[PDB]
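A short worksheet on the structure shown next.
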Amino acid sequence: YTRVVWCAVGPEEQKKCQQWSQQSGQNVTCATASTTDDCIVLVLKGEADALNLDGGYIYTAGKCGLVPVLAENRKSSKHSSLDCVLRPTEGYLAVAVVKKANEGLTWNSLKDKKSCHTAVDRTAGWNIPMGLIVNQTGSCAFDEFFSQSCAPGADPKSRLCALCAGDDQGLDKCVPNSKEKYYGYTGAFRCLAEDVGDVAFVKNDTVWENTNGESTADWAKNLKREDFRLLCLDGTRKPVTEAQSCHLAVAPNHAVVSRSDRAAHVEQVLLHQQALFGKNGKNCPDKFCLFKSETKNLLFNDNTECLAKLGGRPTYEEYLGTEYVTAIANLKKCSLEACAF
Ligand SMILES: *[C@@H]1O[C@H](CO)[C@@H](O[C@@H]2O[C@H](CO)[C@@H](O[C@H]3O[C@H](CO)[C@@H](O[C@H]4O[C@H](CO)[C@@H](O)[C@H](O)[C@@H]4O)[C@H](O)[C@@H]3O)[C@H](O)[C@H]2NC(C)=O)[C@H](O)[C@H]1NC(C)=O
Ligand SMILES: *[C@H]1O[C@H](CO)[C@@H](O[C@@H]2O[C@H](CO)[C@@H](O[C@H]3O[C@H](CO)[C@@H](O)[C@H](O)[C@@H]3O)[C@H](O)[C@H]2NC(C)=O)[C@H](O)[C@H]1NC(C)=O
Ligand SMILES: CC(=O)N[C@@H]1[C@@H](O)[C@H](O[C@@H]2O[C@H](CO)[C@@H](O)[C@H](O)[C@H]2NC(C)=O)[C@@H](CO)O[C@H]1O
Ligand SMILES: *[C@@H]1O[C@H](CO)[C@@H](O[C@@H]2O[C@H](CO)[C@@H](O)[C@H](O)[C@H]2NC(C)=O)[C@H](O)[C@H]1NC(C)=O
Ligand SMILES: [Fe+3]
Ligand SMILES: [Zn+2]
Ligand SMILES: [Zn+2]
């Protein structure tokens, strides 16, 4: 009965979750939904217990009463002897990437260009970019800013979905789950790498993890970092090595969320599950690895070293940080005391 129901988004996450379930002796079980928002609703209804979420969704879930439980922690040498599970998270760098060969494209010449986004409502792929754009154009017509985009989660017949490809069969065009070829960090970067779009809104890590042989995938095998550039807010272009000085914002790490009343049990099971299937996990390589899924970032980002305890039992607002929270609020006035469910 000490069982946690994980919510998987889309059929691919479901498959990994089932594998996890099996390997955990059903200590973790699986529920599936077609979108992250649907998964939030399952948790709210109590039909699922938890799932790991990007900051923009943490905001959505937070307004509905869901709370941060543990955060993804990427590999970072700082805070040196403290173990990963207890090290404070640093956040990731939201960037705008373009092809080096697309010379003369800068932050100041993005209007009417083609764009690639992880999904609507996500931090680096949407909230940070569109927030900055709305800020600068003075207008809410962010839907009319780029000429075409792939923004999974938007209206499939609109220009924001025009560049989306859907699945093998061309179904599910623009669905905000991994069935959409250009969904998420890797999909948005593949969207740029295949020259479907002019700019991709992703994170620093994505560029590195999908270039210079870091990915064996076919569209990525032959990609080289020098062939790419980051767009800085001051109108300059820089090599992908300069992300610490050329990003759009620092984003709060994706984190596990759950209903307040299940938070403690979820944390307990989670800590014990990673001990088994985490980075240096007991059954990890050997049986199952929670933080691997061939660059597809299923359930968790593939670069996660561990899920770390939070600092100061933070509310969702503290977790996200005041800067980011007001930026999201300021952006959502275009489409506070809420929960759109
Ligand atoms: C941008 O994101 C990047 C990826 O998330 C960050 O770069 C990564 O930086 C870390 C240290 O902060 C580095 O950790 C260590 O990884 C290896 C040891 O486990 C080690 O070297 C490698 O050997 C091979 C190279 O021929 C290669 O196959 C293997 O993947 C390793 O890279 C390395 O020396 C280091 O001690 C990661 O390796 C590195 N990631 C990659 C894939 O390059 C970067 O810091 C981020 N920048 C910002 C601004 O945040
Ligand atoms: C674009 O939209 C908004 C206006 O450009 C902006 O919201 C404003 O953000 C600033 C900075 O985060 C907040 O600033 C602070 O101002 C002073 C300190 O300089 C203090 O007195 C305040 O306590 C506060 O910390 C503003 O609160 C906020 N303005 C309001 C009230 O809406 C968004 O941040 C911009 N969007 C993006 C994505 O950057
Ligand atoms: C616990 C602590 O001292 N952290 C504060 C945070 O509440 C708060 O949010 C953090 O903002 C940073 C960049 O502005 C991000 O690096 C970080 O991801 C984010 N915190 C977390 C844990 O997600 C910031 C801003 O008010 O101040 C920190 O001092
Ligand atoms: C399912 O979770 C339960 C409870 O968290 C685990 O049961 C015990 O776990 C503790 C710590 O690992 C051990 O001291 C006990 O030996 C476990 N009980 C027994 C008799 O197995 C259990 O390990 C988990 N099950 C699986 C298959 O992973
Ligand atoms: Fe994110
Ligand atoms: Zn910065
Ligand atoms: Zn607090």
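Residue indices begin at 1 and follow the sequence shown.
- Looking at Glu180, its side chain does come within 3.5 Å of a backbone N or O of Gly166 through a donor-acceptor pair.
- No more than 12 heavy atoms of other residues, nucleotides or ligands sit less than 6.0 Å from atom NZ of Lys15.
- Annotation: cation-pi pair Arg122/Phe201 absent, no NZ/CZ under 6.0 Å from the ring centroid and within 45° of its normal.
- Ring to ring, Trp6 and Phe300 are close: their centroids are under 6.0 angstrom apart.
- Side-chain atoms of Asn283 and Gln23 include no donor-acceptor pair closer than 3.5 Å.
- Just one residue in the list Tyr182, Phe146, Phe145 forms a ring pair (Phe, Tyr, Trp, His ring centres under 6.0 Å) with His117, and that residue is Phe146.
- With hydrogens and angles ignored, the 3.5 Å screen pairs a side-chain donor or acceptor of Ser147 with a backbone N or O of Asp112.
- Heavy-atom contacts from other residues, nucleotides or ligands closer than 6.0 Å to NZ of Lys113 number more than 12.
- In this structure, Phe189 and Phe228 have tilted ring planes: the angle between them lies in the 30° to 60° band.
- Crowding of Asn222 atom CG: a count of heavy atoms from other residues, nucleotides or ligands under 6.0 Å not exceeding 12.
- When the options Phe291, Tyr92, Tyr57 are evaluated for a ring pair (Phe, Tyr, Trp, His ring centres under 6.0 Å) with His254, the one that passes is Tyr92.
- Judged by distance alone, the side chains of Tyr185 and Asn210 never bring a donor and an acceptor atom under 3.5 Å apart.
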